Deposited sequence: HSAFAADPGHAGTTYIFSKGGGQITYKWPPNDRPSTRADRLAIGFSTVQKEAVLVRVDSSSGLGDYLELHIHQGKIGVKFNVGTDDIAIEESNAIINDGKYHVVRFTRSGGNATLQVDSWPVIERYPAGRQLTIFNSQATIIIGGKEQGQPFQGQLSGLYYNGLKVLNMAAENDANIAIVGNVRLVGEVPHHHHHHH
């Protein structure tokens, strides 16, 4: 009973100094390919630069999805075959320390980014593009291996039906927590 439109949070992981990383990994025999992707992540931070999540394809494939902060503006950058595609919320800033929910959406070449209730950014292509994200290997929450570890909090991370962080707080066999990451509970 999850919904992409419903708030993705409330499994509140703190990513403090020294960096942290939570990683979900699909079994090599069941890495999904998708024509459409829906990411929703609830977070809070003050950082100027960080990489929150990145979905990477198997080896020898260039398909990936990267959600990151750059100059306090949240944005996405992905590749499904052709070339890198970029979309970013520049109208404003999100590193003000309060809770936000950034949604990203992909339909083949089509893409979507919204920060809360702000104006949905739309990125349409002037020509048909490839439509499939081939065999997804890992979800890498943290951005440590990218040399821009994220610092702050994440209450939830929904990815194509998956409640990634909730699954981590359930010690799910696929989740691997590594680094400065605490599962701040309640009360």
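Residues 11-12, 190-197 of the deposited sequence have no C-alpha coordinates in the structure.
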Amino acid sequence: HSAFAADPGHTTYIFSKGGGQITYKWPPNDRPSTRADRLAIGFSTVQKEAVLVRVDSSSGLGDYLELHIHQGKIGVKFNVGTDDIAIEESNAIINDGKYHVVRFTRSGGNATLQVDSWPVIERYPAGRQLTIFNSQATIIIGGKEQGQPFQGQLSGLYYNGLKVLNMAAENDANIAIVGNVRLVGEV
From here on, numbers count along this sequence of modelled residues.
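Checked against the record, the higher mean CA B factor of 153-161 and 122-130 lies with 122-130. Between 48-56 and 32-40, it is 48-56 that carries the larger average Cα temperature factor according to the deposited entry. Remark: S117 belongs to the middle third of its chain, ranked by C-alpha B-factor as recorded. Sort the chain's modelled residues by C-alpha temperature factor and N79 lands in the lowest third, per the entry. The PDB entry assigns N91 a C-alpha temperature factor belonging to the highest third of its chain's modelled residues. Ranked against the other modelled residues of its chain, the C-alpha B-factor of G147 as given in the entry falls in the highest third.
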